[PDB]
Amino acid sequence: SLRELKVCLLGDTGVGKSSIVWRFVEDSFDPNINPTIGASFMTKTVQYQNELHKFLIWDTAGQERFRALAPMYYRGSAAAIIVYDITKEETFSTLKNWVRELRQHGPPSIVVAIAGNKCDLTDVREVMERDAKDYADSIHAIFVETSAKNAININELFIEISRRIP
């Protein structure tokens, strides 16, 4: 048996959406990765208990000219991963806007996950873990501080999704 799970990544440009997906699927990291144009699609199948979860992963362009396309991506998604950058408070401040948009226009029972990415960059941290954790908890979302660079909580993010899908 095999279970298809559409997952979309949402967030401001530069937060590491593509790097998260590349690390999960291709097990690689590129400091020189270019901004996404349109969307990138990758897939990985993982054993969860007695089933196989085939993640159909939509890596969306964060650049504002692509925002209008977002509804196309979250439609039919089993989960949404909203990514911010722990070194830029602006991307966290903005988190509520992404959540709002997913509340207002997304599927009724989507699994929401919040990823605080670039957690390897601790010296220049701007978003305290506790504050982002508190927020994720308040909306009953999955939360992890991730690093695509160091492979911190990348698999764990998708494991939490596997646990919480119906």
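Residues carry their position along the shown sequence, with the first being 1.
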Higher avg CA temperature factor (107-115 vs 64-72, as deposited) belongs to 64-72
As stated in the PDB record, which stretch has the larger average Cα B-factor, 122-130 or 97-105? 97-105
Taking the Cα B-factors listed in the entry, which of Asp27, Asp137, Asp30, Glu51 comes out highest? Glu51
Chain thirds by Cα B factor, record data; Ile159 belongs to the lowest
